[PDB]
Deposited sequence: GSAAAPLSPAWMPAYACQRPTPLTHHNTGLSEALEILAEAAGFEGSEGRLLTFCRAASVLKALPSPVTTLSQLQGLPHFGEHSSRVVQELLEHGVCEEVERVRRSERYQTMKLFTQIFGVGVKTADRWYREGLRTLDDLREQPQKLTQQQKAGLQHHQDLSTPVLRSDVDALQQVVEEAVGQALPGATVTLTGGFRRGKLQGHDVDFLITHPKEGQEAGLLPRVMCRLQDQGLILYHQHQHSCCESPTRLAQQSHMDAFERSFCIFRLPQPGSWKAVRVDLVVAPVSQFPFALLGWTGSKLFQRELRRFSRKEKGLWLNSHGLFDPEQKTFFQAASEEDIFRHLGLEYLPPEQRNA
């Protein structure tokens, strides 16, 4: 038996069922593009199960008694096992709707609602968007300007170089302030679509006004192509950036999220920002459904008692929810 929730089972970075999970995730994504949130979560859960399996699925009899594997997800695997291809997945891959929604939603600053609006308005290509700049936010304009670089996977070596410049800027602005790599790279991934950093200081409140100082420094070194600062509204102070990463003989644009959290909230922010998206969705559903507690990136609240949990680490949070600790590299759900 394998547990129902992704937060109750280790999901490693690499697994034995990449072809099958990829097919299911194409169906998940396409459902999300159509606003079919239910079907999205269903395919995503089924994909996540395959990722946690210790062996490859070579016959359909191996699906027996697995959670989150309904009729539709089973048929997909079946056709792939029996014919090497699933017709519905290939139709989706070649569909103009899917290809366009993928193209648009991949652009920095574009979500599903925007992509779908643009689709319904007859926009199809990147050039179509560039011909209608009045329809674009400044963030989306920057996304388009750098789209080739921003669709090139970010590598671990890029992350290392970026963490150095961010640590130097942070260290110069405020001694004692820390930078923590989060997101997919903290989960052990070898590549990504951006780099995520969480910034704090051990004395609560010393992190006030730090991010703008970090950004000034980075800007002065020629490292920033685009920067949008947002103050917290509640909800963390953050900066959405495109860095200009020097490389031997050239350079590349890379997406970076810099998030500041007060150290009291840091374990929650780290947990939330480390992901995966599905893992965190599942952890929050678990906390609510199973334990009656509301988890987010700022805290763990008991709505009956009107209390907040005091957490020193991620381990404290897992412990409090009755879950065995999962290090970041087993959260790849």
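Absent C-alpha positions map to the deposited sequence ranges 1-10, 245-257, in order along the chain.
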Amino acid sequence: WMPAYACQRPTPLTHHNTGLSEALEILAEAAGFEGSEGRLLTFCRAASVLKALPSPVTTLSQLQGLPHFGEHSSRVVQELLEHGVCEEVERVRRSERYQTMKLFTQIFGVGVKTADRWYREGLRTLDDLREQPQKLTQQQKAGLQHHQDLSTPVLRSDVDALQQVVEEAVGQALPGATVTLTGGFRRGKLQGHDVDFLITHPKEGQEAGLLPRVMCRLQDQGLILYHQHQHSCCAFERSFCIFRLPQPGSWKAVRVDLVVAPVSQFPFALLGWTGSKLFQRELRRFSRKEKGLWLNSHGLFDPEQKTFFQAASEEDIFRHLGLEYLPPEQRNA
From here on, numbers count along this sequence of modelled residues.
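Whichever C-alpha set is largest while still superposing within 1.5 Å between the two forms counts as the rigid core.
Across the superposed structures in 8 other deposited structures of this protein, aligned by the core, the stretch whose Cα atoms lie more distant on average is 130-138, chosen from 130-138 and 195-203. Fitting each structure in 8 other deposited structures of this protein onto the rigid core and averaging C-alpha distances over structures and residues, 59-67 emerges as the more displaced of 59-67 and 279-287. Of the other entries compared for this protein that flank it with modelled residues, a third or more give no atoms for residue 231.
Looking at mean Cα B-factors across 90-98 and 103-111, the upper value is held by 90-98. The stretch with the higher mean CA B factor, choosing between 303-311 and 28-36, is 303-311.
Each of 72, 217, 189, 130 has a CA temperature factor in the record; the biggest one is found at 72.
Annotation for residue 197: CA B-factor lies in the lowest third of the chain's modelled residues.
Ranked by C-alpha B-factor against the other modelled residues of its chain, residue 231 falls in the highest third.
For residue 141, the recorded CA B-factor ranks within the lowest third of the chain. Only modelled residues enter the ranking. When all modelled residues of the chain are sorted by CA temperature factor, residue 260 is found within the middle third. Per the PDB record, residue ranking by Cα B-factor puts residue 81 in the highest third of the chain.
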